[PDB]
Amino acid sequence: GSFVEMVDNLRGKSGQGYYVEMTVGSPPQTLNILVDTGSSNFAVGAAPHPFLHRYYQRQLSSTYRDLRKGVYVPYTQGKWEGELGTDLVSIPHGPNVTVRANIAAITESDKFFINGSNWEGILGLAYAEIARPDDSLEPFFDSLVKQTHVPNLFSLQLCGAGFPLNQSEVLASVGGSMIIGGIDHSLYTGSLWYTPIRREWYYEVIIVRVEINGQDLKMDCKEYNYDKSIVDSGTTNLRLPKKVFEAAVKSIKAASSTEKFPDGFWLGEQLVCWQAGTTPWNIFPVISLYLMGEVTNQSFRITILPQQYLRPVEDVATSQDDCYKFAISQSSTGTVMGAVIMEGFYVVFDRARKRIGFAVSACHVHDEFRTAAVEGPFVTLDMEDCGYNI
Ligand SMILES: CCCN(CCC)C(=O)c1cc(C)cc(C(=O)N[C@@H](Cc2cc(F)cc(F)c2)[C@H](O)[C@@H]2NCN(Cc3ccccc3)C2=O)c1
(Lines of atoms letter the chains of each structure in order from A and count residues from 1; the text may use other names and numbers.)
(Lines give C-alpha, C1' and ligand atoms only; values in the text may rest on other atoms or scores of the structure.)
Protein backbone atom coordinates (compact mmCIF):
# COMPACT_ATOMS: atom_id res chain seq x y z
CA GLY A 1 0.00 0.00 0.00
CA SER A 2 1.58 3.23 -1.23
CA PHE A 3 -1.33 5.59 -0.48
CA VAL A 4 -1.66 5.16 3.28
CA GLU A 5 -2.94 8.70 3.77
CA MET A 6 -6.11 7.80 1.87
CA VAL A 7 -6.59 4.26 3.16
CA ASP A 8 -9.66 3.97 5.41
CA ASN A 9 -10.93 7.47 4.52
CA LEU A 10 -14.50 6.27 3.90
CA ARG A 11 -17.45 5.77 6.24
CA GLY A 12 -20.97 4.49 5.73
CA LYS A 13 -22.79 1.43 4.45
CA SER A 14 -24.48 0.20 1.28
CA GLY A 15 -27.98 1.22 2.33
CA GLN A 16 -27.17 4.84 3.07
CA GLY A 17 -24.07 5.34 0.97
CA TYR A 18 -20.33 5.72 1.53
CA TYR A 19 -18.94 9.19 2.20
CA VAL A 20 -15.59 10.99 2.33
CA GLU A 21 -14.72 14.08 4.37
CA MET A 22 -14.14 17.25 2.32
CA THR A 23 -13.68 20.95 3.04
CA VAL A 24 -15.19 23.82 1.07
CA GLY A 25 -14.45 27.53 1.31
CA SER A 26 -12.00 29.78 3.14
CA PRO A 27 -11.67 29.26 5.99
CA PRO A 28 -12.44 25.57 5.36
CA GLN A 29 -15.93 24.28 6.14
CA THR A 30 -15.92 20.53 6.86
CA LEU A 31 -18.62 18.38 5.23
CA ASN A 32 -19.23 14.66 4.71
CA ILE A 33 -19.73 13.89 1.05
CA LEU A 34 -21.40 10.90 -0.64
CA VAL A 35 -19.05 9.19 -3.11
CA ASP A 36 -21.12 8.73 -6.27
CA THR A 37 -19.66 7.22 -9.42
CA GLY A 38 -23.16 7.35 -10.91
CA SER A 39 -23.49 11.15 -11.30
CA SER A 40 -21.27 14.10 -12.22
CA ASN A 41 -22.20 17.06 -9.99
CA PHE A 42 -20.48 18.18 -6.80
CA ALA A 43 -23.41 19.43 -4.69
CA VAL A 44 -23.69 20.30 -1.02
CA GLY A 45 -26.51 21.26 1.33
CA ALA A 46 -26.40 25.06 1.59
CA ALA A 47 -29.56 25.72 3.60
CA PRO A 48 -31.29 24.32 6.73
CA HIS A 49 -32.80 20.83 6.33
CA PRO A 50 -34.40 18.43 8.87
CA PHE A 51 -31.74 15.81 8.09
CA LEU A 52 -28.68 18.11 8.09
CA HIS A 53 -26.82 19.22 11.22
CA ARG A 54 -24.47 21.31 9.10
CA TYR A 55 -24.31 22.91 5.67
CA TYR A 56 -22.22 25.09 3.35
CA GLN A 57 -22.41 28.77 4.31
CA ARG A 58 -21.39 30.80 1.29
CA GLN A 59 -21.42 34.11 3.14
CA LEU A 60 -18.65 32.80 5.41
CA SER A 61 -16.29 31.94 2.54
CA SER A 62 -13.92 34.64 1.27
CA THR A 63 -13.23 32.49 -1.78
CA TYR A 64 -16.86 31.91 -2.74
CA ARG A 65 -17.72 32.90 -6.33
CA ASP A 66 -21.35 33.11 -7.43
CA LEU A 67 -22.04 31.86 -10.98
CA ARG A 68 -25.51 33.50 -11.02
CA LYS A 69 -27.01 30.30 -12.44
CA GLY A 70 -29.57 27.82 -11.15
CA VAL A 71 -29.14 24.05 -11.32
CA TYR A 72 -31.47 21.05 -11.19
CA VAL A 73 -30.57 17.37 -10.85
CA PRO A 74 -33.24 14.66 -11.12
CA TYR A 75 -31.69 11.41 -9.95
CA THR A 76 -33.42 8.07 -10.29
CA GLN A 77 -34.10 8.31 -6.53
CA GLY A 78 -34.58 11.95 -5.68
CA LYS A 79 -33.95 15.53 -6.71
CA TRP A 80 -32.37 18.78 -5.56
CA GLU A 81 -32.31 22.38 -6.72
CA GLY A 82 -29.45 24.75 -6.10
CA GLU A 83 -27.33 27.74 -6.97
CA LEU A 84 -24.09 27.38 -8.97
CA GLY A 85 -20.77 28.82 -7.82
CA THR A 86 -17.12 27.88 -7.28
CA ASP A 87 -14.93 27.83 -4.22
CA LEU A 88 -11.77 26.17 -2.88
CA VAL A 89 -12.12 22.46 -2.15
CA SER A 90 -9.87 19.98 -0.34
CA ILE A 91 -10.01 16.34 0.80
CA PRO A 92 -8.38 16.06 4.28
CA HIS A 93 -7.62 12.37 3.86
CA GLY A 94 -6.66 12.62 0.23
CA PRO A 95 -4.04 14.24 -1.99
CA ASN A 96 -2.52 17.27 -0.29
CA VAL A 97 -3.91 19.69 -2.84
CA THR A 98 -6.55 22.42 -2.99
CA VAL A 99 -8.62 23.03 -6.08
CA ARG A 100 -11.18 25.51 -7.31
CA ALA A 101 -14.24 23.54 -8.28
CA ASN A 102 -17.84 24.04 -9.29
CA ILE A 103 -20.22 23.69 -6.35
CA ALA A 104 -23.98 23.39 -6.54
CA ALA A 105 -25.33 24.94 -3.33
CA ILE A 106 -28.47 22.96 -2.53
CA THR A 107 -31.38 25.17 -1.45
CA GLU A 108 -34.29 22.78 -2.09
CA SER A 109 -34.49 18.98 -2.14
CA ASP A 110 -37.00 16.13 -2.26
CA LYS A 111 -36.12 12.59 -1.15
CA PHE A 112 -32.41 13.38 -1.57
CA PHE A 113 -30.97 13.66 1.94
CA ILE A 114 -31.19 10.51 4.05
CA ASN A 115 -32.01 10.78 7.76
CA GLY A 116 -28.98 9.53 9.70
CA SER A 117 -26.66 8.96 6.72
CA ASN A 118 -24.30 11.53 8.24
CA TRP A 119 -23.54 13.05 4.79
CA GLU A 120 -24.33 16.62 3.69
CA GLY A 121 -23.51 16.49 -0.01
CA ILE A 122 -22.61 14.42 -3.06
CA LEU A 123 -19.46 14.02 -5.13
CA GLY A 124 -20.40 13.02 -8.68
CA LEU A 125 -17.33 11.25 -10.03
CA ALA A 126 -18.60 10.46 -13.53
CA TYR A 127 -18.07 12.42 -16.75
CA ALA A 128 -19.22 15.89 -17.80
CA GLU A 129 -21.55 14.46 -20.44
CA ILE A 130 -24.09 13.78 -17.68
CA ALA A 131 -23.45 16.87 -15.55
CA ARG A 132 -26.34 19.32 -15.01
CA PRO A 133 -27.20 21.89 -16.35
CA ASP A 134 -25.04 20.60 -19.20
CA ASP A 135 -21.58 19.27 -20.09
CA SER A 136 -20.00 22.70 -19.70
CA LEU A 137 -20.09 22.40 -15.90
CA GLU A 138 -16.70 20.80 -15.24
CA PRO A 139 -16.92 17.86 -12.77
CA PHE A 140 -14.81 17.94 -9.62
CA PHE A 141 -12.40 15.21 -10.63
CA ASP A 142 -11.76 16.92 -13.99
CA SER A 143 -10.87 20.12 -12.14
CA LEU A 144 -8.67 18.15 -9.76
CA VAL A 145 -6.66 16.66 -12.59
CA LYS A 146 -6.41 19.83 -14.65
CA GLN A 147 -5.24 21.91 -11.69
CA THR A 148 -2.79 19.48 -10.07
CA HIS A 149 -0.36 16.66 -10.87
CA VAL A 150 -2.80 14.02 -9.58
CA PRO A 151 -2.98 11.00 -11.97
CA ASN A 152 -6.29 10.81 -13.85
CA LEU A 153 -7.42 7.76 -11.84
CA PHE A 154 -9.18 6.86 -8.61
CA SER A 155 -9.94 3.57 -6.89
CA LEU A 156 -12.66 2.45 -4.49
CA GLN A 157 -12.71 -0.17 -1.77
CA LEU A 158 -16.25 -0.13 -0.27
CA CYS A 159 -16.37 -2.29 2.89
CA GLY A 160 -19.65 -3.84 3.99
CA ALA A 161 -19.48 -5.07 7.58
CA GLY A 162 -21.50 -8.22 6.93
CA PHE A 163 -23.70 -7.32 9.88
CA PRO A 164 -25.94 -4.40 10.96
CA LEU A 165 -24.21 -1.21 12.15
CA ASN A 166 -26.32 0.88 14.53
CA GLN A 167 -26.15 4.68 14.66
CA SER A 168 -23.07 4.87 16.89
CA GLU A 169 -21.30 1.96 15.25
CA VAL A 170 -21.53 3.32 11.73
CA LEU A 171 -19.95 6.59 12.91
CA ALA A 172 -16.89 4.89 14.41
CA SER A 173 -16.52 2.19 11.78
CA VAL A 174 -14.14 2.33 8.81
CA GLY A 175 -16.26 1.88 5.69
CA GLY A 176 -13.51 1.69 3.11
CA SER A 177 -11.05 3.60 0.98
CA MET A 178 -11.14 6.08 -1.87
CA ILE A 179 -7.64 6.33 -3.29
CA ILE A 180 -7.30 9.49 -5.37
CA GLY A 181 -4.72 9.21 -8.15
CA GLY A 182 -3.58 5.65 -7.60
CA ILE A 183 -3.97 1.95 -6.83
CA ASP A 184 -3.14 0.71 -3.34
CA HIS A 185 -2.09 -2.95 -3.37
CA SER A 186 -3.03 -3.68 0.25
CA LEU A 187 -6.70 -3.28 -0.63
CA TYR A 188 -7.03 -6.35 -2.82
CA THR A 189 -5.82 -9.91 -3.29
CA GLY A 190 -5.01 -11.67 -6.53
CA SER A 191 -4.99 -9.98 -9.91
CA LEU A 192 -6.68 -6.89 -11.31
CA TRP A 193 -8.75 -7.45 -14.45
CA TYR A 194 -9.79 -4.60 -16.72
CA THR A 195 -12.96 -4.06 -18.72
CA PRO A 196 -13.21 -1.20 -21.28
CA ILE A 197 -15.16 1.93 -20.35
CA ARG A 198 -17.56 1.72 -23.32
CA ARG A 199 -18.33 5.43 -23.41
CA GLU A 200 -17.33 8.32 -21.17
CA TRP A 201 -20.58 9.55 -19.54
CA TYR A 202 -21.55 7.12 -16.79
CA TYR A 203 -18.87 4.53 -16.12
CA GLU A 204 -20.41 2.29 -18.76
CA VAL A 205 -19.33 -1.31 -19.19
CA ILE A 206 -20.46 -4.37 -21.14
CA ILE A 207 -21.59 -7.64 -19.54
CA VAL A 208 -21.16 -10.57 -21.96
CA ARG A 209 -22.33 -13.57 -19.89
CA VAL A 210 -24.21 -14.21 -16.64
CA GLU A 211 -24.07 -17.38 -14.47
CA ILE A 212 -25.94 -18.44 -11.31
CA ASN A 213 -23.84 -21.20 -9.68
CA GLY A 214 -22.08 -21.77 -12.96
CA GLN A 215 -25.35 -22.16 -14.86
CA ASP A 216 -25.57 -19.87 -17.87
CA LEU A 217 -28.60 -17.57 -17.57
CA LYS A 218 -28.54 -18.05 -21.36
CA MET A 219 -30.12 -14.75 -22.45
CA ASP A 220 -29.13 -12.76 -25.57
CA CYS A 221 -26.25 -10.81 -23.99
CA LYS A 222 -27.65 -7.60 -25.35
CA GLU A 223 -30.38 -8.02 -22.69
CA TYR A 224 -27.76 -7.71 -19.95
CA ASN A 225 -26.88 -4.20 -21.13
CA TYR A 226 -30.35 -2.89 -22.02
CA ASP A 227 -30.18 0.03 -22.32
CA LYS A 228 -26.78 0.25 -20.59
CA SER A 229 -24.70 -1.21 -17.74
CA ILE A 230 -23.00 1.17 -15.27
CA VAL A 231 -20.78 0.96 -12.16
CA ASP A 232 -22.55 3.10 -9.55
CA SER A 233 -21.47 3.59 -5.94
CA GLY A 234 -24.46 5.91 -5.47
CA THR A 235 -26.96 3.03 -5.73
CA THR A 236 -27.31 0.32 -3.06
CA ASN A 237 -28.52 -2.64 -5.12
CA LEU A 238 -27.46 -4.69 -8.07
CA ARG A 239 -30.23 -3.45 -10.38
CA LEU A 240 -31.05 -5.53 -13.47
CA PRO A 241 -33.10 -4.89 -16.66
CA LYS A 242 -36.65 -6.20 -16.11
CA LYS A 243 -36.20 -9.35 -18.25
CA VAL A 244 -32.80 -10.13 -16.74
CA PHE A 245 -34.16 -9.55 -13.24
CA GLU A 246 -37.02 -11.97 -13.86
CA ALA A 247 -34.69 -14.65 -15.22
CA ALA A 248 -32.10 -14.16 -12.49
CA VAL A 249 -34.71 -14.35 -9.73
CA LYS A 250 -36.14 -17.52 -11.22
CA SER A 251 -32.68 -19.08 -11.26
CA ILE A 252 -31.74 -17.87 -7.78
CA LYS A 253 -35.03 -19.26 -6.44
CA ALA A 254 -34.35 -22.60 -8.11
CA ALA A 255 -30.84 -22.79 -6.64
CA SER A 256 -32.13 -21.92 -3.16
CA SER A 257 -35.31 -24.03 -3.39
CA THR A 258 -34.53 -26.01 -0.23
CA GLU A 259 -36.07 -22.99 1.51
CA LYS A 260 -39.15 -21.02 0.51
CA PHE A 261 -39.04 -17.23 0.78
CA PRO A 262 -42.09 -14.91 0.57
CA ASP A 263 -42.64 -12.80 -2.55
CA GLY A 264 -41.98 -9.72 -0.42
CA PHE A 265 -38.41 -10.94 0.04
CA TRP A 266 -37.72 -11.33 -3.65
CA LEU A 267 -39.16 -7.84 -4.22
CA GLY A 268 -36.47 -6.47 -1.93
CA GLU A 269 -39.14 -5.10 0.37
CA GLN A 270 -39.17 -7.47 3.33
CA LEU A 271 -36.41 -8.86 5.50
CA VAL A 272 -35.79 -12.53 6.20
CA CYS A 273 -34.27 -13.56 9.51
CA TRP A 274 -32.36 -16.53 10.93
CA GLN A 275 -31.35 -17.39 14.47
CA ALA A 276 -27.96 -15.75 15.19
CA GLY A 277 -25.15 -17.36 13.20
CA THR A 278 -27.39 -19.81 11.31
CA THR A 279 -27.75 -17.94 8.01
CA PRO A 280 -27.76 -20.71 5.35
CA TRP A 281 -25.28 -19.06 3.01
CA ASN A 282 -24.62 -22.35 1.24
CA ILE A 283 -28.16 -22.73 -0.15
CA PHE A 284 -27.80 -19.44 -2.01
CA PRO A 285 -25.91 -19.41 -5.33
CA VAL A 286 -22.88 -17.39 -6.33
CA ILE A 287 -23.50 -14.94 -9.17
CA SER A 288 -20.94 -14.47 -11.94
CA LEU A 289 -20.86 -11.47 -14.22
CA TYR A 290 -18.62 -11.78 -17.28
CA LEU A 291 -17.18 -8.49 -18.48
CA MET A 292 -15.63 -7.66 -21.86
CA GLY A 293 -11.83 -7.82 -21.49
CA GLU A 294 -9.23 -5.56 -23.08
CA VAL A 295 -8.16 -8.32 -25.45
CA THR A 296 -10.22 -9.23 -28.51
CA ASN A 297 -12.57 -12.18 -27.88
CA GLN A 298 -11.43 -12.33 -24.24
CA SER A 299 -13.51 -11.81 -21.07
CA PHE A 300 -13.05 -12.22 -17.32
CA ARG A 301 -15.57 -12.75 -14.56
CA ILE A 302 -16.37 -11.26 -11.19
CA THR A 303 -18.15 -13.62 -8.80
CA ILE A 304 -20.24 -12.44 -5.88
CA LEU A 305 -21.56 -14.36 -2.92
CA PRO A 306 -24.86 -14.07 -1.15
CA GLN A 307 -22.83 -12.28 1.54
CA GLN A 308 -22.81 -9.43 -1.01
CA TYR A 309 -26.33 -9.64 -2.45
CA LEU A 310 -28.12 -10.17 0.87
CA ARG A 311 -27.85 -6.84 2.72
CA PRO A 312 -27.55 -6.93 6.55
CA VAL A 313 -30.45 -5.09 8.21
CA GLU A 314 -31.43 -4.69 11.86
CA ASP A 315 -34.43 -6.79 12.87
CA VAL A 316 -37.58 -4.74 13.45
CA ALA A 317 -37.43 -6.32 16.92
CA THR A 318 -33.72 -5.57 17.35
CA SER A 319 -33.46 -9.22 18.47
CA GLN A 320 -30.36 -11.38 18.11
CA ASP A 321 -31.39 -12.82 14.74
CA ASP A 322 -29.28 -12.13 11.65
CA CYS A 323 -31.61 -10.47 9.12
CA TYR A 324 -31.16 -9.37 5.50
CA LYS A 325 -32.96 -7.84 2.52
CA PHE A 326 -32.53 -9.17 -1.02
CA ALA A 327 -30.30 -6.51 -2.64
CA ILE A 328 -31.05 -7.31 -6.30
CA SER A 329 -33.91 -5.34 -7.89
CA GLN A 330 -35.35 -4.44 -11.27
CA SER A 331 -34.31 -1.50 -13.37
CA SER A 332 -35.95 0.29 -16.31
CA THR A 333 -32.69 2.14 -16.96
CA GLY A 334 -30.26 -0.71 -17.51
CA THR A 335 -27.90 -2.62 -15.26
CA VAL A 336 -26.65 -0.79 -12.20
CA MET A 337 -23.70 -2.38 -10.39
CA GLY A 338 -24.36 -0.77 -7.04
CA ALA A 339 -22.60 -0.74 -3.71
CA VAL A 340 -23.50 -4.29 -2.72
CA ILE A 341 -21.65 -5.56 -5.78
CA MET A 342 -18.76 -3.12 -5.32
CA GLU A 343 -18.34 -4.34 -1.73
CA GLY A 344 -16.90 -7.57 -3.01
CA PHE A 345 -14.17 -5.88 -5.03
CA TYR A 346 -11.45 -3.27 -5.18
CA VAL A 347 -12.60 -1.19 -8.17
CA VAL A 348 -10.17 0.90 -10.23
CA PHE A 349 -11.60 3.75 -12.29
CA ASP A 350 -8.76 4.18 -14.75
CA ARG A 351 -9.93 7.30 -16.56
CA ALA A 352 -6.53 7.74 -18.22
CA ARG A 353 -6.71 4.36 -19.94
CA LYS A 354 -10.50 4.41 -20.25
CA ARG A 355 -10.93 1.13 -18.37
CA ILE A 356 -12.32 -0.18 -15.09
CA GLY A 357 -10.39 -2.71 -13.06
CA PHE A 358 -11.70 -5.35 -10.66
CA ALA A 359 -9.89 -7.35 -7.99
CA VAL A 360 -11.08 -9.37 -4.99
CA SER A 361 -11.50 -6.97 -2.08
CA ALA A 362 -9.38 -7.44 1.02
CA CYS A 363 -12.54 -6.52 2.96
CA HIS A 364 -15.24 -8.56 1.22
CA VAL A 365 -17.43 -10.66 3.51
CA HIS A 366 -17.33 -14.42 2.95
CA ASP A 367 -17.43 -17.80 4.73
CA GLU A 368 -14.96 -20.66 5.18
CA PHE A 369 -16.19 -22.39 2.03
CA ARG A 370 -16.56 -19.68 -0.61
CA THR A 371 -14.90 -16.41 -1.57
CA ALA A 372 -15.70 -13.67 -4.07
CA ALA A 373 -13.49 -13.99 -7.15
CA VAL A 374 -12.12 -12.19 -10.20
CA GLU A 375 -10.98 -14.76 -12.75
CA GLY A 376 -9.81 -14.86 -16.35
CA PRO A 377 -9.33 -15.12 -19.23
CA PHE A 378 -12.27 -16.74 -21.03
CA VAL A 379 -12.71 -17.07 -24.78
CA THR A 380 -15.77 -15.00 -25.70
CA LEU A 381 -16.96 -14.14 -29.23
CA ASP A 382 -18.87 -11.12 -30.59
CA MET A 383 -18.77 -9.16 -27.33
CA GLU A 384 -19.27 -5.88 -29.22
CA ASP A 385 -22.74 -7.15 -30.03
CA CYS A 386 -23.66 -7.25 -26.35
CA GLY A 387 -23.67 -3.48 -26.24
CA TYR A 388 -27.02 -1.78 -26.74
CA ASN A 389 -27.62 0.86 -29.41
CA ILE A 390 -30.73 3.07 -29.35
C1 LIG B 1 -27.44 4.80 -1.82
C2 LIG B 1 -28.48 4.88 -0.66
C3 LIG B 1 -29.84 4.23 -0.99
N4 LIG B 1 -30.35 4.70 -2.26
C5 LIG B 1 -30.87 6.06 -2.35
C6 LIG B 1 -31.92 6.27 -1.27
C7 LIG B 1 -33.00 5.16 -1.31
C8 LIG B 1 -30.31 3.81 -3.31
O9 LIG B 1 -29.87 2.68 -3.16
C10 LIG B 1 -30.82 4.27 -4.62
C11 LIG B 1 -31.92 3.58 -5.24
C12 LIG B 1 -32.41 4.01 -6.51
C13 LIG B 1 -33.54 3.30 -7.14
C14 LIG B 1 -31.80 5.11 -7.17
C15 LIG B 1 -30.69 5.79 -6.56
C16 LIG B 1 -30.07 6.94 -7.24
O17 LIG B 1 -30.69 7.66 -8.02
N18 LIG B 1 -28.77 7.15 -6.94
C19 LIG B 1 -28.10 8.29 -7.58
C20 LIG B 1 -27.39 9.15 -6.53
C21 LIG B 1 -28.27 9.38 -5.32
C22 LIG B 1 -27.88 8.85 -4.06
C23 LIG B 1 -28.70 9.07 -2.92
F24 LIG B 1 -28.35 8.58 -1.73
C25 LIG B 1 -29.91 9.81 -3.04
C26 LIG B 1 -30.30 10.33 -4.30
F27 LIG B 1 -31.43 11.02 -4.40
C28 LIG B 1 -29.48 10.12 -5.44
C29 LIG B 1 -27.09 7.85 -8.69
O30 LIG B 1 -26.38 9.01 -9.17
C31 LIG B 1 -27.80 7.17 -9.88
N32 LIG B 1 -26.78 6.60 -10.80
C33 LIG B 1 -27.28 6.91 -12.16
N34 LIG B 1 -28.32 7.93 -11.98
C35 LIG B 1 -28.88 8.61 -13.15
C36 LIG B 1 -28.57 10.09 -13.19
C37 LIG B 1 -27.21 10.54 -13.17
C38 LIG B 1 -26.93 11.94 -13.21
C39 LIG B 1 -28.00 12.88 -13.27
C40 LIG B 1 -29.35 12.43 -13.28
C41 LIG B 1 -29.63 11.03 -13.24
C42 LIG B 1 -28.65 8.12 -10.71
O43 LIG B 1 -29.49 8.90 -10.26
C44 LIG B 1 -30.21 5.37 -5.29
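All residue numbers here begin at 1 and follow the chain in the order shown.
So how was this one determined? The header says X-ray crystallography, 1.8 Å.
Quick reminder: no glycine exception, Cβ is built from N, Cα and C everywhere.
Annotated in Swiss-Prot:
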- 18-359: domain 'Peptidase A1' (DOMAIN)
- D36: active site (ACT_SITE)
- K69: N6-acetyllysine (MOD_RES)
- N96: N-linked glycosylation site (CARBOHYD)
- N115: N-linked glycosylation site (CARBOHYD)
- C159-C363: disulfide bond (DISULFID)
- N166: N-linked glycosylation site (CARBOHYD)
- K218: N6-acetyllysine (MOD_RES)
- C221-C386: disulfide bond (DISULFID)
- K222: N6-acetyllysine (MOD_RES)
- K228: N6-acetyllysine (MOD_RES)
- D232: active site (ACT_SITE)
- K242: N6-acetyllysine (MOD_RES)
- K243: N6-acetyllysine (MOD_RES)
- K250: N6-acetyllysine (MOD_RES)
- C273-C323: disulfide bond (DISULFID)
- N297: N-linked glycosylation site (CARBOHYD)
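What Swiss-Prot annotates, mapped onto the structure for a quick look.
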{"residue": "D36", "record": "active site", "DSSP (3 states)": "strand"}
{"residue": "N96", "record": "N-linked glycosylation site", "DSSP (3 states)": "coil"}
{"residue": "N115", "record": "N-linked glycosylation site", "DSSP (3 states)": "coil"}
{"residue": "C159", "record": "disulfide bond", "DSSP (3 states)": "coil"}
{"residue": "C221", "record": "disulfide bond", "DSSP (3 states)": "helix"}
{"residue": "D232", "record": "active site", "DSSP (3 states)": "coil"}
{"residue": "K250", "record": "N6-acetyllysine", "DSSP (3 states)": "helix"}
{"residue": "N297", "record": "N-linked glycosylation site", "DSSP (3 states)": "coil"}
{"residue": "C323", "record": "disulfide bond", "DSSP (3 states)": "strand"}
{"residue": "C386", "record": "disulfide bond", "DSSP (3 states)": "helix"}
C-alpha spacing of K222 (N6-acetyllysine) relative to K228 (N6-acetyllysine), in angstrom: 9
Neighbours of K222 (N6-acetyllysine) among the recorded positions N166, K250, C386 (Cα to Cα, within 10 Å): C386
Among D36, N166, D232, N297, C323, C386, the recorded positions whose C-beta sits under 6 Å from ligand 1: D36, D232
Secondary structure at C363 (disulfide bond), reduced by DSSP to three states: coil
Candidate recorded positions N96, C221, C323, pick with smallest Cα gap to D36 (active site): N96
Candidates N96, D232, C273, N297, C386 (recorded positions) - the one closest to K218 (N6-acetyllysine) by CA: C386
Cα proximity to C323 (disulfide bond), best match among recorded positions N96, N166, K242, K243: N166
Densest Cβ neighbourhood among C273, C363, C386 (disulfide-bonded residues), 10 Å radius: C386
Candidates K69, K250, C273, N297, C363 (recorded positions) - the one closest to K243 (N6-acetyllysine) by CA: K250
Among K218, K228, which are modified residues, the residue with the most C-beta atoms within 10 angstroms of its C-beta: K228
